[PDB]
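*Asks:* Input structure: upload_22.txt, which contains compact mmCIF, C-alpha atoms.
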# COMPACT_ATOMS: atom_id res chain seq x y z
CA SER Q 1 -1.42 13.76 4.85
CA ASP Q 2 -1.93 10.16 3.72
CA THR Q 3 -0.76 8.55 6.97
CA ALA Q 4 -4.33 7.98 8.18
CA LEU Q 5 -5.28 6.41 4.87
CA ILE Q 6 -2.32 4.03 4.88
CA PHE Q 7 -2.93 2.70 8.40
CA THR Q 8 -6.67 2.47 7.80
CA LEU Q 9 -5.91 0.44 4.69
CA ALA Q 10 -3.31 -1.62 6.56
CA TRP Q 11 -5.78 -2.59 9.26
CA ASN Q 12 -8.22 -3.69 6.57
CA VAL Q 13 -6.01 -5.51 4.05
CA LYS Q 14 -3.14 -6.37 6.42
CA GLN Q 15 -0.59 -6.58 3.61
CA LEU Q 16 -0.29 -4.79 0.29
CA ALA Q 17 2.46 -4.04 -2.19
CA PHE Q 18 2.10 -1.97 -5.34
CA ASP Q 19 4.32 0.04 -7.65
CA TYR Q 20 2.75 2.26 -10.28
CA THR Q 21 5.94 4.08 -11.16
CA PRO Q 22 5.39 4.42 -14.93
CA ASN Q 23 7.95 2.70 -17.13
CA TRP Q 24 7.42 4.37 -20.51
CA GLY Q 25 8.44 2.35 -23.54
CA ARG Q 26 9.57 3.99 -26.76
CA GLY Q 27 8.69 2.55 -30.15
CA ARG Q 28 9.58 3.51 -33.71
CA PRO Q 29 10.76 6.12 -34.20
CA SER Q 30 12.34 6.50 -30.75
CA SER Q 31 10.55 9.83 -30.33
CA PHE Q 32 7.31 7.85 -30.16
CA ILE Q 33 5.95 6.43 -26.91
CA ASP Q 34 4.22 3.11 -27.53
CA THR Q 35 3.67 1.59 -24.09
CA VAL Q 36 3.65 2.10 -20.34
CA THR Q 37 4.31 -0.64 -17.82
CA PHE Q 38 3.58 -0.73 -14.09
CA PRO Q 39 6.00 -2.94 -12.05
CA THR Q 40 3.46 -4.10 -9.47
CA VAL Q 41 -0.26 -3.64 -10.08
CA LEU Q 42 -3.29 -4.50 -7.95
CA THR Q 43 -4.83 -7.86 -8.80
CA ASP Q 44 -8.01 -8.02 -6.73
CA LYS Q 45 -10.21 -7.03 -9.69
CA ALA Q 46 -10.22 -7.12 -13.49
CA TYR Q 47 -8.99 -3.54 -13.88
CA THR Q 48 -9.03 -1.95 -17.33
CA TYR Q 49 -7.37 1.23 -18.62
CA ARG Q 50 -8.50 4.30 -20.54
CA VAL Q 51 -6.03 6.44 -22.50
CA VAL Q 52 -6.25 10.16 -23.30
CA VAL Q 53 -3.86 11.83 -25.74
CA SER Q 54 -3.62 15.62 -25.99
CA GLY Q 55 -7.12 15.95 -24.59
CA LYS Q 56 -8.64 13.29 -26.84
CA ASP Q 57 -10.23 10.29 -25.11
CA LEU Q 58 -9.10 7.16 -26.98
CA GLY Q 59 -11.41 4.93 -24.96
CA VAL Q 60 -10.93 1.58 -23.26
CA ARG Q 61 -9.49 -1.72 -24.51
CA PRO Q 62 -9.14 -5.20 -23.00
CA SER Q 63 -6.24 -5.47 -20.56
CA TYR Q 64 -3.06 -7.43 -21.16
CA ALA Q 65 -2.38 -10.02 -18.44
CA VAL Q 66 -0.75 -9.30 -15.10
CA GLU Q 67 2.52 -11.17 -15.56
CA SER Q 68 4.29 -13.47 -13.10
CA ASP Q 69 6.56 -10.62 -11.97
CA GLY Q 70 3.39 -8.74 -11.05
CA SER Q 71 3.69 -6.15 -13.83
CA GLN Q 72 1.07 -5.02 -16.33
CA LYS Q 73 1.59 -3.31 -19.66
CA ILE Q 74 -0.61 -0.94 -21.63
CA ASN Q 75 0.08 -0.97 -25.36
CA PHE Q 76 -0.93 2.41 -26.80
CA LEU Q 77 -0.93 0.98 -30.32
CA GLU Q 78 -4.14 -0.83 -29.29
CA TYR Q 79 -5.73 2.53 -28.39
CA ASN Q 80 -4.31 4.87 -31.03
CA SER Q 81 -5.42 3.15 -34.24
CA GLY Q 82 -2.20 1.14 -34.32
CA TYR Q 83 0.25 4.01 -33.79
CA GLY Q 84 2.56 5.08 -31.00
CA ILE Q 85 2.35 8.60 -29.59
CA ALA Q 86 4.78 11.41 -30.46
CA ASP Q 87 6.46 12.30 -27.16
CA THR Q 88 5.49 15.95 -27.62
CA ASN Q 89 1.88 14.97 -26.87
CA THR Q 90 0.55 14.81 -23.34
CA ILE Q 91 -0.63 11.32 -22.34
CA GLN Q 92 -2.92 10.40 -19.47
CA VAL Q 93 -3.65 6.82 -18.44
CA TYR Q 94 -6.53 6.01 -16.11
CA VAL Q 95 -7.19 2.73 -14.33
CA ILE Q 96 -10.88 1.81 -14.12
CA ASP Q 97 -12.62 0.17 -11.17
CA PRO Q 98 -15.00 -2.44 -12.64
CA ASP Q 99 -17.31 -2.15 -9.63
CA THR Q 100 -18.05 1.57 -10.11
CA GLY Q 101 -16.57 2.65 -13.41
CA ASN Q 102 -14.50 5.21 -11.52
CA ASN Q 103 -11.39 6.47 -13.35
CA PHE Q 104 -8.14 7.08 -11.46
CA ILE Q 105 -5.04 8.64 -13.02
CA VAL Q 106 -2.06 6.25 -12.89
CA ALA Q 107 0.32 7.73 -15.46
CA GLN Q 108 0.93 11.08 -17.08
CA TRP Q 109 3.45 11.98 -19.76
CA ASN Q 110 4.26 15.64 -20.31
CA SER M 1 -14.63 0.00 -0.78
CA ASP M 2 -10.95 0.88 -0.45
CA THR M 3 -10.20 0.84 -4.19
CA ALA M 4 -10.40 4.64 -4.44
CA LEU M 5 -8.07 5.03 -1.48
CA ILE M 6 -5.47 2.66 -2.91
CA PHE M 7 -5.27 4.33 -6.32
CA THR M 8 -5.30 7.79 -4.76
CA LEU M 9 -2.40 6.69 -2.58
CA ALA M 10 -0.68 5.03 -5.55
CA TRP M 11 -0.79 8.22 -7.59
CA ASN M 12 0.74 10.10 -4.67
CA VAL M 13 3.43 7.72 -3.39
CA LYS M 14 3.91 5.71 -6.61
CA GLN M 15 5.19 2.64 -4.78
CA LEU M 16 4.45 1.22 -1.35
CA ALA M 17 4.74 -2.13 0.36
CA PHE M 18 3.62 -2.93 3.89
CA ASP M 19 2.60 -5.97 5.89
CA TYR M 20 1.05 -5.52 9.31
CA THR M 21 -0.07 -9.11 9.67
CA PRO M 22 0.60 -9.56 13.41
CA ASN M 23 3.15 -12.21 14.31
CA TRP M 24 2.46 -12.83 18.00
CA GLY M 25 5.34 -14.16 20.04
CA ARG M 26 4.82 -16.32 23.10
CA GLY M 27 7.05 -16.04 26.15
CA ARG M 28 7.24 -17.92 29.44
CA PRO M 29 5.02 -19.65 30.20
CA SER M 30 3.86 -20.39 26.64
CA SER M 31 0.37 -19.19 27.56
CA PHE M 32 1.85 -15.69 27.84
CA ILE M 33 2.13 -13.36 24.86
CA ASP M 34 5.27 -11.25 25.12
CA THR M 35 5.69 -9.61 21.71
CA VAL M 36 4.14 -8.78 18.36
CA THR M 37 6.12 -8.30 15.17
CA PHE M 38 5.07 -6.69 11.90
CA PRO M 39 6.87 -8.09 8.78
CA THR M 40 6.96 -4.84 6.82
CA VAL M 41 6.29 -1.52 8.55
CA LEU M 42 6.16 2.03 7.22
CA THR M 43 9.43 3.91 7.63
CA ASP M 44 8.65 7.47 6.57
CA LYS M 45 8.29 8.67 10.17
CA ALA M 46 9.45 7.78 13.68
CA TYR M 47 6.29 5.86 14.57
CA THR M 48 5.74 4.77 18.16
CA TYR M 49 3.26 2.30 19.67
CA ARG M 50 0.75 2.34 22.51
CA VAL M 51 -0.46 -0.88 24.15
CA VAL M 52 -3.80 -1.54 25.85
CA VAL M 53 -4.44 -4.72 27.84
CA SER M 54 -7.95 -5.70 28.93
CA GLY M 55 -9.06 -2.09 28.69
CA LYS M 56 -6.05 -0.69 30.57
CA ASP M 57 -3.86 1.78 28.69
CA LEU M 58 -0.22 0.84 29.35
CA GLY M 59 1.07 3.93 27.58
CA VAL M 60 3.84 4.50 25.06
CA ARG M 61 7.50 3.43 25.01
CA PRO M 62 10.43 4.10 22.68
CA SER M 63 10.32 1.97 19.53
CA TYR M 64 12.71 -0.84 18.71
CA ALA M 65 14.48 -0.36 15.37
CA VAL M 66 13.03 -1.23 11.98
CA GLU M 67 15.31 -4.12 11.03
CA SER M 68 17.01 -4.79 7.70
CA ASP M 69 14.23 -7.20 6.69
CA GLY M 70 11.82 -4.31 7.19
CA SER M 71 10.17 -5.73 10.31
CA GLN M 72 9.51 -4.04 13.64
CA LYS M 73 8.88 -5.67 17.00
CA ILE M 74 6.93 -4.47 20.02
CA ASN M 75 8.08 -6.03 23.29
CA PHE M 76 5.16 -6.04 25.73
CA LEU M 77 7.51 -6.62 28.65
CA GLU M 78 8.59 -2.99 28.16
CA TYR M 79 4.96 -1.87 28.59
CA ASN M 80 3.63 -4.29 31.20
CA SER M 81 6.06 -3.70 34.08
CA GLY M 82 8.35 -6.41 32.76
CA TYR M 83 5.75 -9.15 32.27
CA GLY M 84 4.19 -10.87 29.29
CA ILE M 85 0.42 -10.97 28.89
CA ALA M 86 -1.74 -14.02 29.69
CA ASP M 87 -3.34 -14.98 26.37
CA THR M 88 -6.79 -14.84 27.95
CA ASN M 89 -6.47 -11.04 28.04
CA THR M 90 -7.46 -8.88 25.09
CA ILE M 91 -4.56 -6.88 23.66
CA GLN M 92 -4.74 -3.83 21.41
CA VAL M 93 -1.70 -2.23 19.80
CA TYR M 94 -1.90 1.22 18.25
CA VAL M 95 0.64 2.89 15.99
CA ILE M 96 1.05 6.62 16.62
CA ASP M 97 1.58 9.29 13.97
CA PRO M 98 4.22 11.68 15.38
CA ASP M 99 2.83 14.56 13.31
CA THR M 100 -0.66 14.47 14.86
CA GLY M 101 -0.59 12.06 17.77
CA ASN M 102 -3.33 10.08 16.04
CA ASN M 103 -3.67 6.44 17.18
CA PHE M 104 -4.42 3.68 14.65
CA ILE M 105 -5.12 0.06 15.60
CA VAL M 106 -2.55 -2.30 14.05
CA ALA M 107 -2.97 -5.46 16.13
CA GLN M 108 -5.64 -7.04 18.27
CA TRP M 109 -5.45 -10.27 20.27
CA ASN M 110 -8.69 -11.83 21.44
Written as structure tokens, how would this file's structure read?
*Replies:*
Amino acid sequence: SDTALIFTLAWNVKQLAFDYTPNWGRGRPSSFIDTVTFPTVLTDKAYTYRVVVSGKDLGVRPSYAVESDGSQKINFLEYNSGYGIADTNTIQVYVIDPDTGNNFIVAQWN
Amino acid sequence: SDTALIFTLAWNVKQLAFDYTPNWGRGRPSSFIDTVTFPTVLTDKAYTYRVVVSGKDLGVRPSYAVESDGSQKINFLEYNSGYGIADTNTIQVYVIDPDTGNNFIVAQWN
């Protein structure tokens, strides 16, 4: 149960709103996935993202800006040598905590 | 650090928004605190609240409804034999998880 975590967090931060429901964007051809966008990301740190495709770690790249609507986009073309990812591949996206280097899964395409 | 907790929670619930910044309401006289309201409370369970005044446990009472704007109010008159609380007293409000009976501090007046 995550109830204890939520209230512990609430007491500490008082207010928080996030939405990491992955919005996958298709490129060209349409069978290719080229981006993922999170509606409302955390903004307390300069988070970065690592991408893994079919078991292969593509590494980290500089983050795009958190936009006015609070969303943040990850462009896979920047990680995959300029190409989108065939939707038959598995894709894992990890957010990275700059303070520790810890990696946390935030999106998974299967 | 609560970064690990937030992303762990994010991966599990995907989206969450809460605001437990206490909005203390004054009654009559104005030096008396009669309520506390939370702008955006959790709604996944039938949470209840326990109130403690100057070290004295006043117990639990049925919760008021979570309103359309997502807020929830705790009326201390319902807990303190019909009276508000002199603002010189310390007040602690705990939310209770119906699944475990666990008590988590959500508001403290000092």
*Asks:* Any idea what the distance is between atom CA of residue 45 of chain Q and atom CA of residue 99 of chain Q?
*Replies:* 8.6 Å
*Asks:* Closest to residue 44 of chain Q among Q:102, Q:26, Q:97, Q:7, using all atoms listed in the file?
*Replies:*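 Nearest to residue 44 of chain Q: Q:97.
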*Asks:* Output the coordinates of chain M after least-squares fitting to chain Q on all in-order C-alpha pairs, as a tab-separated table (two decimals) with C-alpha atoms, in the frame of the given file.
*Replies:*
chain	number	residue	atom	x	y	z
M	1	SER	CA	-1.41	13.75	4.85
M	2	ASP	CA	-1.93	10.16	3.72
M	3	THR	CA	-0.76	8.55	6.97
M	4	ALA	CA	-4.33	7.98	8.18
M	5	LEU	CA	-5.28	6.41	4.87
M	6	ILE	CA	-2.32	4.02	4.89
M	7	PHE	CA	-2.93	2.70	8.40
M	8	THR	CA	-6.67	2.47	7.80
M	9	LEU	CA	-5.91	0.44	4.69
M	10	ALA	CA	-3.30	-1.62	6.56
M	11	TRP	CA	-5.78	-2.59	9.26
M	12	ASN	CA	-8.22	-3.69	6.57
M	13	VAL	CA	-6.02	-5.50	4.05
M	14	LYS	CA	-3.14	-6.37	6.41
M	15	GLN	CA	-0.59	-6.59	3.61
M	16	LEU	CA	-0.28	-4.79	0.29
M	17	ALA	CA	2.46	-4.04	-2.19
M	18	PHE	CA	2.10	-1.97	-5.34
M	19	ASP	CA	4.32	0.04	-7.65
M	20	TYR	CA	2.75	2.26	-10.27
M	21	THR	CA	5.94	4.07	-11.16
M	22	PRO	CA	5.39	4.42	-14.93
M	23	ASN	CA	7.95	2.70	-17.13
M	24	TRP	CA	7.42	4.36	-20.51
M	25	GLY	CA	8.43	2.35	-23.54
M	26	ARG	CA	9.57	3.99	-26.75
M	27	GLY	CA	8.69	2.55	-30.15
M	28	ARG	CA	9.58	3.51	-33.71
M	29	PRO	CA	10.76	6.12	-34.21
M	30	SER	CA	12.34	6.50	-30.75
M	31	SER	CA	10.55	9.83	-30.33
M	32	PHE	CA	7.30	7.85	-30.16
M	33	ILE	CA	5.95	6.43	-26.91
M	34	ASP	CA	4.22	3.12	-27.53
M	35	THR	CA	3.67	1.59	-24.09
M	36	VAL	CA	3.65	2.10	-20.34
M	37	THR	CA	4.31	-0.64	-17.82
M	38	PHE	CA	3.58	-0.73	-14.10
M	39	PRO	CA	6.00	-2.94	-12.05
M	40	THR	CA	3.46	-4.10	-9.47
M	41	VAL	CA	-0.26	-3.65	-10.08
M	42	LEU	CA	-3.28	-4.50	-7.95
M	43	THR	CA	-4.83	-7.86	-8.80
M	44	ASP	CA	-8.01	-8.02	-6.73
M	45	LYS	CA	-10.21	-7.03	-9.68
M	46	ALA	CA	-10.22	-7.12	-13.49
M	47	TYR	CA	-8.99	-3.54	-13.88
M	48	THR	CA	-9.03	-1.95	-17.33
M	49	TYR	CA	-7.38	1.23	-18.62
M	50	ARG	CA	-8.50	4.30	-20.54
M	51	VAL	CA	-6.03	6.44	-22.50
M	52	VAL	CA	-6.25	10.16	-23.30
M	53	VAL	CA	-3.85	11.83	-25.73
M	54	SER	CA	-3.62	15.62	-25.99
M	55	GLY	CA	-7.12	15.96	-24.58
M	56	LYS	CA	-8.64	13.29	-26.84
M	57	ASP	CA	-10.22	10.29	-25.12
M	58	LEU	CA	-9.11	7.15	-26.98
M	59	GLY	CA	-11.41	4.93	-24.96
M	60	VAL	CA	-10.93	1.58	-23.26
M	61	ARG	CA	-9.49	-1.73	-24.51
M	62	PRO	CA	-9.14	-5.20	-23.01
M	63	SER	CA	-6.24	-5.47	-20.57
M	64	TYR	CA	-3.06	-7.43	-21.16
M	65	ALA	CA	-2.38	-10.01	-18.44
M	66	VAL	CA	-0.75	-9.29	-15.10
M	67	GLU	CA	2.52	-11.17	-15.56
M	68	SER	CA	4.29	-13.47	-13.11
M	69	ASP	CA	6.56	-10.62	-11.97
M	70	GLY	CA	3.40	-8.73	-11.05
M	71	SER	CA	3.69	-6.15	-13.83
M	72	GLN	CA	1.06	-5.02	-16.32
M	73	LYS	CA	1.60	-3.31	-19.66
M	74	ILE	CA	-0.62	-0.94	-21.62
M	75	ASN	CA	0.08	-0.96	-25.36
M	76	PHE	CA	-0.93	2.41	-26.80
M	77	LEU	CA	-0.94	0.99	-30.32
M	78	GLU	CA	-4.14	-0.83	-29.29
M	79	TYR	CA	-5.73	2.53	-28.39
M	80	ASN	CA	-4.31	4.87	-31.03
M	81	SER	CA	-5.41	3.15	-34.24
M	82	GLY	CA	-2.20	1.14	-34.32
M	83	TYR	CA	0.25	4.00	-33.79
M	84	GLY	CA	2.56	5.08	-31.00
M	85	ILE	CA	2.35	8.60	-29.59
M	86	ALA	CA	4.79	11.41	-30.46
M	87	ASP	CA	6.46	12.31	-27.16
M	88	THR	CA	5.50	15.95	-27.62
M	89	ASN	CA	1.88	14.97	-26.88
M	90	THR	CA	0.55	14.80	-23.34
M	91	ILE	CA	-0.63	11.33	-22.34
M	92	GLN	CA	-2.92	10.40	-19.47
M	93	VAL	CA	-3.65	6.82	-18.44
M	94	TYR	CA	-6.52	6.00	-16.11
M	95	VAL	CA	-7.19	2.73	-14.33
M	96	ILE	CA	-10.88	1.81	-14.12
M	97	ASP	CA	-12.62	0.17	-11.17
M	98	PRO	CA	-15.00	-2.44	-12.64
M	99	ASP	CA	-17.31	-2.15	-9.63
M	100	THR	CA	-18.05	1.57	-10.11
M	101	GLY	CA	-16.57	2.65	-13.41
M	102	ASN	CA	-14.50	5.21	-11.51
M	103	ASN	CA	-11.39	6.47	-13.36
M	104	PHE	CA	-8.13	7.08	-11.46
M	105	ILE	CA	-5.03	8.64	-13.02
M	106	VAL	CA	-2.06	6.25	-12.88
M	107	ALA	CA	0.32	7.73	-15.46
M	108	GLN	CA	0.92	11.08	-17.07
M	109	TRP	CA	3.46	11.98	-19.76
M	110	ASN	CA	4.25	15.63	-20.31
*Asks:* Quick one: residues within 6 Å of segment 50-55 of chain M, only C-alpha atoms, excluding same-chain residues fewer than 3 positions away - as a list in words?
*Replies:*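 With the cut-off at 6 Å, the set is residues 58, 59, 60, 89, 90, 91, 92, 93 and 94 of chain M.
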*Asks:* Can you measure atom CA of residue 48 of chain Q to atom CA of residue 72 of chain Q for me? One decimal in Å is fine.
*Replies:*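 Pair atom CA of residue 48 of chain Q / atom CA of residue 72 of chain Q returns 10.6 Å.
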*Asks:* Using only C-alpha atoms, list the residues that have an atom at most 10 Å from (14.2, -4.4, 9.9), coordinates as in the file, as a list in words.
*Replies:*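 Looking at atoms near the point gives residues 38, 39, 40, 41, 43, 64, 65, 66, 67, 68, 69, 70, 71, 72 and 73 of chain M.
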*Asks:* Should the cut-off be 12 Å, what would the residue list for chain M against chain Q look like, counting all atoms listed in the file, as an NGL selection string?
*Replies:* :M and (1-23 or 38-45 or 47 or 93-108)
*Asks:* Hey, can you check how far atom CA of residue 25 of chain M sits from atom CA of residue 78 of chain M?
*Replies:*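 Separation between atom CA of residue 25 of chain M and atom CA of residue 78 of chain M: 14.2 Å.
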*Asks:* Take segment 2-20 of chain M from the preceding structure and save N, CA and C atoms as an mmCIF file, in the first residue's frame.
*Replies:*
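Written file, selection.cif:
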data_model
loop_
_atom_site.group_PDB
_atom_site.id
_atom_site.type_symbol
_atom_site.label_atom_id
_atom_site.label_comp_id
_atom_site.auth_asym_id
_atom_site.auth_seq_id
_atom_site.Cartn_x
_atom_site.Cartn_y
_atom_site.Cartn_z
ATOM 1 N N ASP M 2 12.919 12.767 -0.693
ATOM 2 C CA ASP M 2 11.657 12.148 -1.087
ATOM 3 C C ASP M 2 11.530 11.943 -2.598
ATOM 4 N N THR M 3 12.621 12.159 -3.328
ATOM 5 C CA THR M 3 12.600 11.999 -4.778
ATOM 6 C C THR M 3 12.261 10.567 -5.183
ATOM 7 N N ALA M 4 12.884 9.603 -4.510
ATOM 8 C CA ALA M 4 12.656 8.189 -4.793
ATOM 9 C C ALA M 4 11.207 7.805 -4.534
ATOM 10 N N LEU M 5 10.635 8.358 -3.471
ATOM 11 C CA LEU M 5 9.253 8.067 -3.120
ATOM 12 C C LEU M 5 8.318 8.602 -4.193
ATOM 13 N N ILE M 6 8.532 9.850 -4.595
ATOM 14 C CA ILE M 6 7.680 10.457 -5.611
ATOM 15 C C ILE M 6 7.656 9.674 -6.918
ATOM 16 N N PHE M 7 8.827 9.339 -7.458
ATOM 17 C CA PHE M 7 8.861 8.602 -8.718
ATOM 18 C C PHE M 7 8.338 7.180 -8.586
ATOM 19 N N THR M 8 8.503 6.587 -7.408
ATOM 20 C CA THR M 8 8.001 5.235 -7.179
ATOM 21 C C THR M 8 6.480 5.321 -7.204
ATOM 22 N N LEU M 9 5.963 6.364 -6.569
ATOM 23 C CA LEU M 9 4.529 6.583 -6.511
ATOM 24 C C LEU M 9 4.015 6.892 -7.919
ATOM 25 N N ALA M 10 4.743 7.747 -8.631
ATOM 26 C CA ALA M 10 4.354 8.130 -9.984
ATOM 27 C C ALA M 10 4.208 6.911 -10.883
ATOM 28 N N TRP M 11 5.190 6.019 -10.837
ATOM 29 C CA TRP M 11 5.142 4.824 -11.666
ATOM 30 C C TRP M 11 3.922 3.972 -11.336
ATOM 31 N N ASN M 12 3.529 3.976 -10.069
ATOM 32 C CA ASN M 12 2.387 3.186 -9.639
ATOM 33 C C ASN M 12 1.032 3.826 -9.934
ATOM 34 N N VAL M 13 0.841 5.076 -9.523
ATOM 35 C CA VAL M 13 -0.443 5.745 -9.733
ATOM 36 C C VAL M 13 -0.556 6.556 -11.026
ATOM 37 N N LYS M 14 0.584 6.828 -11.658
ATOM 38 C CA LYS M 14 0.640 7.581 -12.910
ATOM 39 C C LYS M 14 0.346 9.071 -12.744
ATOM 40 N N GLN M 15 -0.783 9.404 -12.130
ATOM 41 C CA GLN M 15 -1.114 10.803 -11.916
ATOM 42 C C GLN M 15 -1.735 10.998 -10.541
ATOM 43 N N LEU M 16 -1.337 12.078 -9.882
ATOM 44 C CA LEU M 16 -1.840 12.382 -8.558
ATOM 45 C C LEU M 16 -1.662 13.855 -8.266
ATOM 46 N N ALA M 17 -2.666 14.439 -7.629
ATOM 47 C CA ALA M 17 -2.625 15.838 -7.258
ATOM 48 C C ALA M 17 -3.271 15.971 -5.886
ATOM 49 N N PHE M 18 -2.555 16.587 -4.954
ATOM 50 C CA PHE M 18 -3.087 16.797 -3.619
ATOM 51 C C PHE M 18 -2.541 18.102 -3.080
ATOM 52 N N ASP M 19 -3.255 18.665 -2.116
ATOM 53 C CA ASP M 19 -2.849 19.903 -1.486
ATOM 54 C C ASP M 19 -3.417 19.884 -0.078
ATOM 55 N N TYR M 20 -2.549 19.630 0.895
ATOM 56 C CA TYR M 20 -2.955 19.584 2.287
ATOM 57 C C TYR M 20 -2.451 20.795 3.048
#
